[PDB]
Amino acid sequence: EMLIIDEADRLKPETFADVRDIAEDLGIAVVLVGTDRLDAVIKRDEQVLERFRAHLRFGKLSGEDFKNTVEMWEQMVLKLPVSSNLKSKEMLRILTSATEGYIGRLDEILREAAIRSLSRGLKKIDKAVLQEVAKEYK
Amino acid sequence: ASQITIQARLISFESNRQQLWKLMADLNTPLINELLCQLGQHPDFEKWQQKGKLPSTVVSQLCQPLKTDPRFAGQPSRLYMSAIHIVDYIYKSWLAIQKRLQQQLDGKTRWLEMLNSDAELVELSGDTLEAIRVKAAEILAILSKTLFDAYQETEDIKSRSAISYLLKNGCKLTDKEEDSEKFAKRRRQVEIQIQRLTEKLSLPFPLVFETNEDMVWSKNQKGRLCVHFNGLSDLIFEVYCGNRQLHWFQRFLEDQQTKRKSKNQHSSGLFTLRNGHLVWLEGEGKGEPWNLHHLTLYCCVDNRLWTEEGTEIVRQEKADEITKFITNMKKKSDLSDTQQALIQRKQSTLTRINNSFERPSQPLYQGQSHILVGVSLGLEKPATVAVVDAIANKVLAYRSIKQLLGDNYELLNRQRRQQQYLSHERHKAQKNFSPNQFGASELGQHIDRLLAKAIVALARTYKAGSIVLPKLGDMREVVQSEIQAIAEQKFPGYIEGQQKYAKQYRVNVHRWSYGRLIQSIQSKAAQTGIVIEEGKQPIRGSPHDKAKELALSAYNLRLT
RNA sequence: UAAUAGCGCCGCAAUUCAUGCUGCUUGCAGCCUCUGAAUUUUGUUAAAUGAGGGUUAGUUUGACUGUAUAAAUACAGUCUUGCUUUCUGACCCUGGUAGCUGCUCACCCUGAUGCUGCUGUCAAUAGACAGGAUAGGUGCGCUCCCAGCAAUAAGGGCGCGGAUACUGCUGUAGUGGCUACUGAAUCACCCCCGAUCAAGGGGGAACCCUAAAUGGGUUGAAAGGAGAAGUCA
Ligand SMILES: Nc1ncnc2c1ncn2[C@@H]1O[C@H](COP(=O)(O)OP(=O)(O)OP(=O)(O)O)[C@@H](O)[C@H]1O
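Residues numbered from 1 in each chain as written, not as in the entry; some residues may be left out. Chains lettered and ligands numbered in written order. Part of a larger assembly, values for the part shown. Heavy atoms only, no water. Residues with missing side-chain atoms left out of burial classes, pairs and counts.

Per the deposited record, determination of this structure is attributed to cryo-EM, with the resolution reported as 4.1 Å.

Under the PDB entry, the name given to chain B is Cas12k, and the source organism is Scytonema hofmannii.

The name the PDB entry assigns to chain A is TnsC, from the organism Scytonema hofmannii.

Dropping the structure here:
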């Protein structure tokens, strides 16, 4: 029913004809995923641009919802004995300062800090290791 | 350094102007012409071209046996010294271009004879470039002015080739240990340029009066201001200025009288007048030259000396540069006769500098440069600004070109239309054509000044400490990239349409004049007191975003 | 008759926003009402653009001192000169007579960043005569497009002569440039006499103050750095 082509800025212009053909004859919803470069990639396409025009931009996530996500990563993914950290405005300033809202960076930073702190024996995450990963990104 | 020039026409009798035209057009300019030719055929000429310093006294030495010449005699001492000075500085710029051309030709002949390709480098020198390149890199990158001078000095085939390779390869951590193309293209471009250089190996001059007092001021019996110059006191000219420039001239007479009334206890040298040219403008019509062309004074006035508070700044600059001059001359033991006269004049100025004339009272504004007005230059928008905080990351206020040129926008539109028309006419002019100034004006300069005034005023409103401007060198790449960005913005991937639209855009939206704008902003900001820094304009983004990021990059580099 | 389309501008929307607006909640919430920004998106019975050539030491943007005012700015006082510019008006014009010169044309064909293109009037000739900046096309322009011409782009063809680098077929013929003298405006509320390397002097009007006194006032505004040389294109 649906053909999700992830990283759909890679495939050559001469295969958009075949994905057009698939969507054209089989009645299959083709969903092209990709960085913004994909849009320019189809911009050159004359029908690909017409056929694939409904879109859904990924949110940047910044704001109170970002604050929720931060705490949501503590419980769901970090899985540590509760340390009463609670991602206070300090850690939030650090993470807004460091990640710029990208979920990847939120994940990359938190996993690194957790691994570092557990490798050095620290049971929870200190402000020290948070400053460490912050500087070593930017 | 806030030197500015005011001007005023000089009106006098026809006989008073026949003397000045004949004295200059028939005897003073020919002295400059001969002084220029002689300074060229001087044996040490090629020694000068290697340096940037023509000797202090050489132009004077060639003029002393020239003052008594049958065709260069009767010139007032100021006329003679002006001509000498003209030869030093008019021929200064002349021989500066001369040694650019002459010494460039010499170096091209030399680089052509010595510099070589990678193949000939291996054949003759045959040194491994990676090793010596990395060695020089750890020598220089690990005061680098000495190292760069050493690169400027090393000329042996292996040494110059390797050091230039290191310089053009990045002189840093580059993972591509390659590109003998550096000295390959060096020698190739040298051969082309040496081929080129082997194939190609009605208004009198002004009167610069380097002394302020050579112009003696007086008030006419009708109250008008009058001038007569040193060496020509029988020639009296009446200052026909404009009321905007009048307070300078009334200051000149007042300053000169103030020194007179103190029995020369006051230092001419804190005068609001520093020097003055005496040029002839060009008139329209016919007639003897003195009756057509308008004699004009161009007084260079240090605007900083107008206020009494500003004078103390000048009083401190001169009292610091001159007390250093004394110490510099006090170490020598030569003790020449006229040298001690020069020493004597110095301490005379220091004593005379602490006698203050009456000037207006102004609390010179103190500027904190942390605020960074960022100015972005482009094609689609000729100029946009962004007043942004650096400690924070918020933009206080943007302004676009339609908003800085208040009521001056129709001027920008009609100037773009005029620059289109004049460019089409110049292209239609081909090679054979009448003078191309037909229909030209200085509307571009008026707009480049209206824009600078508005930008500086905006900076002053928000207490901005510095105005940031793009480096002028990166103003061809920036405009080319902006044209490309607009092209892909209009036509996404249709390359034919992109090229066609780029052509049609270059037809209509011509390149701005990003030299006069950067210069006018530099003048206006320096006059007001706002220092100017330079950053790197981002390649893409919206003009407001480009301005903001330029301003932030400037502060980031200032942090260094 | 035609100007399609393109490209640049200018509005007019529409949306999104803040550099706004609003609110304190004081850095968030709305809002698009002004002001902007950023899109896109039309060309409305219209909004704003708007490119034929000229004319003023034009007016305004000013200095000092004092006051209010932190300053700006205001106000009062005193002084005032005309420079070099950018506009906005207003007005004038669509030039003549003399010379000296430049180019281009045998004849075709394509058609250039090529030239021309207004309104009447009389011809309807190719030109006058009156007007006249609204001036082919689009809201407004263009090197775009349309219409004519195209020898004066470039290219191709191609006749006769002479030469055997190239010429001639060429009439002021068509278009340029230069000089000399002339035509009009010569201004900034208007009119007149004047200066213009200097010069202002008069006479009106409207309005405002003032009942009314050429009593006084007012009858568009802005910006400054100039010279010289060289290089590139
Ligand atoms: N639902 C999720 N749970 C946990 N981590 C997530 C989630 N979504 C995203 N991330 C994390 O956020 C980061 C985003 O990486 P990801 O590969 O998804 O990026 P992307 O934007 O899809 O990349 P690309 O543009 O190359 O396709 C990763 O570190 C990923 O693990």
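Our focus in this paragraph is the pairing of strand β6 (residues 295-302) of chain B. All names here are of chain B. Of all 8 residues making up β6, 7 are buried, and the element is well covered by its neighbours. Taken together, the 7 bridges between strand β1 (residues 3-11) and β6 define a ladder with antiparallel strand orientation. Residue pairing in the sheet places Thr5 in a bridge with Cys300 of β6. In the sheet, strand β5 (residues 273-280) pairs with β6 via 7 bridges, with the strands oriented antiparallel. Paired with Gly276 across the strands is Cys299, a residue of β6. (Buried < 20%, exposed > 50% of the residue type's maximum accessible area, 1.4 Å probe, protein only. Helix = DSSP H or I, 4+ residues; strand = E, 2+ residues; numbered from the N terminus. Pairing = 2+ DSSP bridges.)

Below, the discussion takes up the protein's contact with RNA strand C. Residues and elements named next belong to chain B. Residues in close proximity to RNA strand C total 63 residues, the closest being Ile97, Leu411, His424, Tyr501 and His544. By atom count, sugar and phosphate contribute 65% of the portion of RNA strand C lying within 4 Å of the protein. Within the side chain of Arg417, a nitrogen or oxygen atom sits 3.4 Å from a base nitrogen of RNA strand C. For the surface near RNA strand C, the element with the highest residue contribution is helix α16 (residues 409-429), accounting for 8 residues. Considered class by class, the residues forming the surface near RNA strand C number 25 nonpolar, 25 polar and 13 charged. (Near = heavy atom within 4 Å. Polar contact = N/O pair within 3.5 Å; in protein donor to acceptor, adjacent residues only side chain to side chain. Nonpolar A, V, L, I, M, F, W, Y, C, P; charged D, E, K, R; others polar.)

All names here are of chain A. Residues in contact with the ligand, as listed here, are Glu7, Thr35, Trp73, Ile103, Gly104 and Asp107. Within the side chain of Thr35, an N or O atom sits 3.0 Å from an oxygen atom of the ligand. In this structure, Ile103 approaches the ligand through a main-chain N or O atom, which is 3.4 Å from an oxygen atom. Notes on the ligand: free accessible area 640 Å², of which the protein chains cover 33%. Looking at the shell around the ligand, the element that brings in the most residues is helix α6 (residues 103-119), giving 3 residues. The residue makeup of the shell around the ligand, split by class, is 2 nonpolar, 2 polar and 2 charged. (Areas by Shrake-Rupley, 256 points an atom, 1.4 Å probe, with all protein chains shown as cover.)

Take the side chain of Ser82(B) next. Assignment of secondary structure puts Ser82(B) in helix α5 (residues 77-114). Leave out the neighbours within four places in its chain, and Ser82(B) touches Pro206(B), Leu207(B) and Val208(B). (Contact = heavy atoms within 4.5 Å.)

The subject of this paragraph is a negative patch on the surface. Together, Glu130(B), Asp175(B), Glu177(B), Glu178(B) and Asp179(B) make up a region of like negative charge exposed at the surface. Within the secondary structure, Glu178(B) sits in the loop between α9 (157-168) and α10 (181-199). (Patch = residues over 30% accessible without salt bridge, like charges linked within 9 Å, V, L, I, M, F, W, Y side chains within 5 Å. Salt bridge = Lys/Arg side-chain N within 4 Å of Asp/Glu carboxyl O. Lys, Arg positive; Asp, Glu negative; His and termini not counted. Charge placed at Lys NZ, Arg CZ, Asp CG, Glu CD.)

Moving on to the nonpolar core. Residue and element names in this part refer to chain B. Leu451, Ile455 and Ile467 are the most contacted members of the largest nonpolar core, which totals 42 residues. In terms of residues, this core owes the most to one element, helix α17 (residues 443-461), which gives 10 residues. Setting aside its immediate chain neighbours within four residues, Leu451 contacts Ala383, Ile401, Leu404, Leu405 and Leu517. One finds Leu10, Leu207, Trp217 and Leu295 within the second-largest nonpolar core, a separate group that totals 31 residues. (Core = buried A, V, L, I, M, F, W, Y, C linked by side-chain atoms within 4.5 Å.)

This next bit is on the packing of helix α4 (residues 64-78) of chain A against α6(A). Residue and element names in this part refer to chain A. Where α4 contacts α6, the two axes come as close as 11 Å, and the packing angle between them is 45°. On the basis of the axis angle, α4 is oblique to α6. Crossing handedness for the pair α4 and α6: right-handed. Of the residues in α6, those touching α4 at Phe66, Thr69, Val70, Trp73, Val77 and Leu78 are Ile103, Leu106, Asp107, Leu110, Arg111 and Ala114. Here the residues of the contact of α4 with α6 are counted per class, giving 9 nonpolar, 1 polar and 2 charged. (Axes fitted to C-alpha atoms, helices over the stretch in contact; angles between N-to-C directions. Parallel < 35°, antiparallel > 145°, perpendicular 65-115°, else oblique. Left-handed = near helix turned anticlockwise from the far one by under 90°.)

So, on to the sheet that holds strand β8 (residues 383-388) of chain B. Residues and elements named next belong to chain B. The 5 strands are arranged β9-β8-β7-β10-β11 in an open sheet whose pairing can be described as mixed. The outermost strands of the open sheet, each flanked by one partner alone, are β9 (395-399) and β11 (531-535). Taking the axes of each pair of neighbouring strands and ignoring which way they run, one obtains an average angle of 25° across the sheet. Pairing of strand β10 (residues 466-470) with β11 involves 5 bridges; the strand directions are parallel. Paired with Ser466 across the strands is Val531, a residue of β11. Each of β7 (372-377), β8, β10 and β11 touches helix α20 (residues 516-528); the most contacted strand, β10, lies at about 165° to it.

Before going further, it helps to examine unusual backbone geometry. Of note in the backbone geometry, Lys87(A) takes a positive phi value of approximately 50° without being a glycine. When you line up the elements, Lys87(A) lands in the loop between α4 and α5 (89-99). Although it is not a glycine, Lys263(B) sits at a positive phi angle of roughly 55°. In this structure, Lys263(B) sits in the loop between α11 (243-261) and β5.

Here the focus is the pattern of salt bridges. Residue and element names in this part refer to chain B. This structure, assessed with the given rule, holds 30 salt bridges over all chains. A salt bridge links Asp320 to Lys324, with the nearest nitrogen and oxygen atoms 3.4 Å apart. Of this pair, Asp320 and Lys324 both sit in helix α13 (residues 308-330), 4 residues apart, roughly one helical turn.

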